[PDB]
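Lettering of chains follows the sequences in order, A, B, ..., and the numbering in each one begins at 1. Hydrogens, waters and symmetry mates play no part in the numbers below; they use all other heavy atoms, side chains included.
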Amino acid sequence: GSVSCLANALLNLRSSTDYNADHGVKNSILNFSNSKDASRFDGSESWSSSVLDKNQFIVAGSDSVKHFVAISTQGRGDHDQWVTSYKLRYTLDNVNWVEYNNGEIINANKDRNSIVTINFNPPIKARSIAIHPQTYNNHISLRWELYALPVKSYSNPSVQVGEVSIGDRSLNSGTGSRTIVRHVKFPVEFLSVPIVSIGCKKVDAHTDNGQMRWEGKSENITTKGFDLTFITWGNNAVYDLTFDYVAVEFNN
Amino acid sequence: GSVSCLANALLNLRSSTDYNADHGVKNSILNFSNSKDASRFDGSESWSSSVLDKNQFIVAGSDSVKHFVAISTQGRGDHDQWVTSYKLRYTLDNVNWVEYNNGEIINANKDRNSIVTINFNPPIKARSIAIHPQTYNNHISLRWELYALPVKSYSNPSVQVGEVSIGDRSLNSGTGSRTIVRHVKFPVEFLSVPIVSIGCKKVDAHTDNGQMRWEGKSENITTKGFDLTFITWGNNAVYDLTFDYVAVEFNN
Amino acid sequence: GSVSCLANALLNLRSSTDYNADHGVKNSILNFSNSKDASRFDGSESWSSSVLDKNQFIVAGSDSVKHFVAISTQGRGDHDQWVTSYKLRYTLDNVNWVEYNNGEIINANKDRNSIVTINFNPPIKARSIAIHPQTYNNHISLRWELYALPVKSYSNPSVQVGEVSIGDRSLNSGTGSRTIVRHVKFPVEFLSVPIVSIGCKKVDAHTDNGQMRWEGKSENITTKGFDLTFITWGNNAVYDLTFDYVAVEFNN
Ligand SMILES: CC(=O)N[C@@H]1[C@@H](O)[C@@H](O)[C@@H](CO)O[C@@H]1O
Ligand SMILES: CC(=O)N[C@@H]1[C@@H](O)[C@@H](O)[C@@H](CO)O[C@@H]1O
Ligand SMILES: CC(=O)N[C@@H]1[C@@H](O)[C@@H](O)[C@@H](CO)O[C@@H]1O
Ligand SMILES: [Ca+2]
Ligand SMILES: [Ca+2]
Ligand SMILES: [Ca+2]
Ligand SMILES: [Cl-]
Ligand SMILES: [Cl-]
């Protein structure tokens with residue numbers, strides 16, 4: 001139950017330099033492998049930089065706030081090149097960048113194919129993150145994956161709002177349980193059925209021997225609207241009631 | 001009124017293998033065309049794989065939940081290569097992947113340039129989606145587009161919250177319609193004017209010959225704040241009232 | 001306090017044509033520079049088109065609504081090629097595209113390395129934006145950056161909702177300040193502590209010599225739930241009260 005970010009095409013990648021396009025970030029996913037034909041080159045089984053120094057990197061980013069729980073790195077699949085240590089940097093706001101664990105130099109790879117995995121406890125909370133190779137065998141060449149928490153069912157909800165009143169004397173007389181319905185139409189139709197939350201912002205009602213009785217509920221909710229059922233009981237005379245409603249659509 | 005996803009640069013793409021960088025996913029949009037100069041190669045008018053088998057794919061992804069309504073595929077513009085059938089797979093959570101229509105093998109292209117379009121009824125609801133070529137003429141080479149519903153006006157709203165009370169005896173005496181205003185300042189200024197929803201969470205008020213009368217409304221809403229107007233009428237003495245407010249900014 | 005979009009890997013890029021993959025959009029960030037080795041080509045210090053006409057472009061996009069505040073362009077770092085003027089187009093819905101400032105032809109570069117910056121007042125509000133070169137020295141070749149407002153702390157909140165009542169006669173007798181607590185468990189645990197907004201949707205209560213007194217508040221809020229404290233005072237007998245709650249989690 002972690003998300004493989006690169007495997008799912010969830011992040012944009014950007015390297016400092018590329019040896020050429022046949023060594024670009026597009027070739028960098030963990031376990032990347034291509035044709036084992038030696039007579040025709042189809043690209044490195046890695047990102048490989050052009051410049052060899054301590055200033056190269058790949059940035060991975062997108063708009064969403066991610067909770068990164070691990071990173072895995074690997075050397076290059078088709079030649080003896082691998083990153084032996086690296087630093088990490090990240091940003092939540094895309095303005096201020098932070099050094100992971102005070103600029104910790106993480107021990108990394110020692111061969112082409114063995115995976116080295118570092119776990120983040122607590123998760124790194126970030127929009128963008130950058131791997132910064134510090135040392136290497138032969139060339140700055142790597143494959144990698146970033147692991148994040150899945151998105152919660154409750155995130156990114158859609159919302160519409162409005163108000164509803166009795167607007168007449170429908171509940172202003174009589175005895176026992178008495179109800180009226182006001183049908184509400186959402187300004188725009190939802191793609192799935194929302195929930196509808198309500199809160200009273202006007203009471204104009206008479207007590208019944210000192211007892212106040214009123215209720216509202218949302219019912220019969222559809223993509224297009226819902227019913228506000230206004231309720232009184234005993235012998236209360238309710239002159240008017242008003243609710244604000246907040247309709248919330250999830251997972252869409 | 002559908003959105004052309006690749007045309008709008010809305011999705012990250014990732015292929016299994018590329019013949020080389022000059023045949024990568026960057027060349028895969030429907031109707032992609034480049035220089036018709038035969039003396040200098042500027043890349044294939046297609047994505048083309050490196051390995052030829054039944055295991056190649058392109059994944060298209062981003063963080064947002066998309067409602068995919070169609071897919072179009074095409075062969076390669078500058079050579080006789082095209083995909084003749086394919087399967088589709090998708091994921092909503094980026095953990096669990098689903099086979100489209102029980103692993104349906106979709107009949108696809110028979111030439112370089114004719115478009116073949118499949119419509120999804122109901123839409124495929126997904127964060128990432130993958131085209132998996134099964135058979136081909138000459139090479140696994142294609143162009144394509146994914147079509148999605150546009151984003152609703154009501155999605156991804158911004159929210160700020162707080163509470164407001166009378167806090168004094170301003171409405172606790174007198175006759176007829178009586179009102180007071182409490183100006184509220186949002187903790188942070190909005191980029192556009194929000195709506196402001198309210199709900200009562202405290203009443204401390206005297207009836208007027210048994211009649212209860214109170215109201216709140218939000219008014220004079222700006223990017224910076226709003227006015228909670230507290231209202232009573234008849235001869236009611238209102239000691240205190242409290243509302244929670246929810247301010248919602250759309251389309252920003 | 002603006003965000004450098006390409007530097008942070010925040011946008012997908014898509015060109016009309018590329019001279020080849022070694023001249024693609026991946027080489028287009030402002031101040032892009034690679035190996036100054038003349039004996040081995042590692043790609044142009046620019047995006048460069050393949051076709052030379054007035055119809056080439058790069059589209060930059062993602063799902064989020066961005067407020068673009070500036071654009072900077074530069075020519076090519078390693079050869080005498082630069083764009084001398086261009087037009088801009090953008091879209092908020094990814095269906096309807098708009099010409100910036102009525103199709104204004106913007107004066108651009110006159111050398112390899114000097115930066116030319118245009119500021120947008122008001123910001124361009126858009127999901128995708130496209131630079132459309134009109135004239136050029138030698139070739140359509142450029143580097144660039146797009147600048148946007150940072151995301152507000154209040155955007156993309158997570159939400160859960162529910163209702164809570166006294167459900168018994170706990171507050172229906174006695175004298176002075178009397179309170180009861182109902183512990184509420186969120187259907188799903190949050191990653192950080194939310195706020196909890198409330199609004200009354202049922203009153204069943206007796207006045208005390210004509211005075212109505214009731215209150216609710218949310219307290220002891222955690223990732224897992226909160227306490228609704230129901231309150232009365234004086235000599236009021238409260239039979240039942242019901243609140244809808246809206247719990248909002250920010251910045252996650
Ligand atoms: C069924 C019915 O009317 N029930 C009410 C109850 O809700 C409450 O208001 C009470 C106050 O003494 O009076 C009655 O028992
Ligand atoms: C204008 C005015 O005071 N209107 C009120 C009305 O709102 C309601 O409370 C009624 C109850 O009998 O008493 C009056 O008519
Ligand atoms: C402490 C206490 O009971 N205060 C109350 C106050 O809240 C209000 O209801 C008032 C009405 O005359 O009666 C008392 O003073
Ligand atoms: Ca190979
Ligand atoms: Ca060509
Ligand atoms: Ca160079
Ligand atoms: Cl009364
Ligand atoms: Cl009341």
What part of C:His23 is in contact with chain B, defined as an atom under 4.5 angstrom from a non-hydrogen atom: side chain, backbone, both or neither? neither

Chain B contacts, top residue of C:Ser64, C:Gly199, C:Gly61 (heavy-atom pairs, under 4.5 Å): C:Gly61

Which answer fits B:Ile198, side chain, backbone, both or neither, if we ask what part of it has an atom under 4.5 Å from a heavy atom of chain C? neither

Heavy-atom distance under 4.5 Å to chain C: side chain of B:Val3, backbone, both or neither? both

State, without any angle test, whether C:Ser50 and B:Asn34 hold a side-chain donor-acceptor pair at a distance under 3.5 Å. no

Using salt bridge (charged side-chain N to carboxylate O under 4.0 Å, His left out) as the criterion, list what pairs up with B:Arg178, not counting sequence neighbours. none

Output the distance between atom CZ (C:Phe230) and atom NZ (B:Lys201), rounded to the nearest 0.5 Å. 13.0 Å

Please classify the contact between C:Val196 and chain B as side chain, backbone, both or neither, with a heavy-atom cut-off of under 4.5 Å. backbone

Examine whether an atom of C:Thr207 lies under 4.5 Å from a heavy atom of chain B, and if so say whether it belongs to the side chain, the backbone or both; otherwise answer neither. side chain

Heavy-atom closest pair, residues C:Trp233 and B:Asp204: CZ2-OD2, 3.4 Å

Does any backbone or side-chain atom of B:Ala7 lie under 4.5 Å from a heavy atom of chain C? Answer side chain, backbone, both or neither. both

So what's closer than 4.5 Å to chain B heavy atoms on C:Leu92: side chain, backbone, both or neither? side chain

Rounded distance [0.5 Å steps], NZ in C:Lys66 versus CG in B:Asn252: 13.0 Å

Contact class of B:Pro187 relative to chain C, heavy atoms under 4.5 angstrom: neither

Side chain, backbone, both or neither: which part of C:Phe243 has an atom under 4.5 Å from a heavy atom of chain B? side chain

Applying side-chain contact (heavy atoms from CB on, under 4.5 Å), run through C:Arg14 and B:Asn8 and close with a yes or a no. CA-CA 8 Å; C:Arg14 180 186 75 86; B:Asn8 281 270; over 6 Å; no

Contacting moiety of B:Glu189, where chain C heavy atoms sit under 4.5 Å: backbone

Does B:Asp42 form a side-chain contact (heavy atoms from CB on, under 4.5 Å) with C:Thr17? I'd like the steps, not just the answer. CA-CA 8 Å; B:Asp42 56 351; C:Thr17 66; 5.6 Å; no

With a 4.5 angstrom heavy-atom cut-off, could you sort out which part of B:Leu191 is near chain C: side chain, backbone, both or neither? both

Per-residue contact mode, B:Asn209 against chain C (heavy atom under 4.5 angstrom): neither

Any side-chain to backbone donor/acceptor pair from B:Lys26 onto C:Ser15? Under 3.5 Å, distance only. no

Can you see which heavy atom on C:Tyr154 is nearest to which on B:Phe190, and at what distance? OH-CA, 3.2 Å

Contact summary for C:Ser128 and B:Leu10, nearest pair of heavy atoms: OG-CD2, 4.0 Å

Quick check on C:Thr91 against chain B: is it the side chain, the backbone, both or neither that has a heavy atom closer than 4.5 Å? side chain

Examine whether an atom of C:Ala130 lies under 4.5 Å from a heavy atom of chain B, and if so say whether it belongs to the side chain, the backbone or both; otherwise answer neither. neither

B:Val161, part contacting chain C, at a heavy-atom distance under 4.5 Å: side chain

Toward chain B, the part of C:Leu11 with a non-hydrogen atom under 4.5 Å: neither

For residues C:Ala60 and B:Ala9, report the shortest heavy-atom separation together with the two atoms involved. C-CB, 4.3 Å

What part of B:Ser153 is in contact with chain C, defined as an atom under 4.5 angstrom from a non-hydrogen atom: side chain, backbone, both or neither? neither

Below 4.5 Å, heavy atoms only, C-beta onward: do C:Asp63 and B:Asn156 meet side chain to side chain? no

Check the pair C:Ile231 / B:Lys202 against side-chain contact (heavy atoms from CB on, under 4.5 Å), numbers first and verdict last. CA-CA 9 Å; C:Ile231 308 171; B:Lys202 180 192 171 179; over 6 Å; no

Applying salt bridge (charged side-chain N to carboxylate O under 4.0 Å, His left out) to B:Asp22 and not counting sequence neighbours gives none

Under a 4.5 Å cutoff for heavy-atom pairs, which residue among C:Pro157, C:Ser49, C:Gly234 has the most contacts with chain B? C:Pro157

Grab the two heavy atoms, one from C:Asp93 and one from B:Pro150, that are nearest each other, plus how far apart they are. O-CB, 4.4 Å

Need one label for B:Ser33: side chain, backbone, both or neither, based on atoms under 4.5 Å from any heavy atom in chain C. backbone

With only heavy atoms counted, which part of B:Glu249 is less than 4.5 Å from chain C, the side chain, the backbone, both or neither? side chain

Start with the C-alpha distance between C:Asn12 and B:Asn12, add both sets of side-chain angles, then the distance that settles side-chain contact (heavy atoms from CB on, under 4.5 Å), and finish with yes or no. CA-CA 7 Å; C:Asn12 303 294; B:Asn12 303 294; 2.7 Å; yes

So which part of B:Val246 gets closer than 4.5 Å to some heavy atom of chain C, the side chain, the backbone, both or neither? side chain

Is there a donor-acceptor pair under 3.5 Å between the side chain of B:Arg40 and the backbone N or O of C:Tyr19? yes

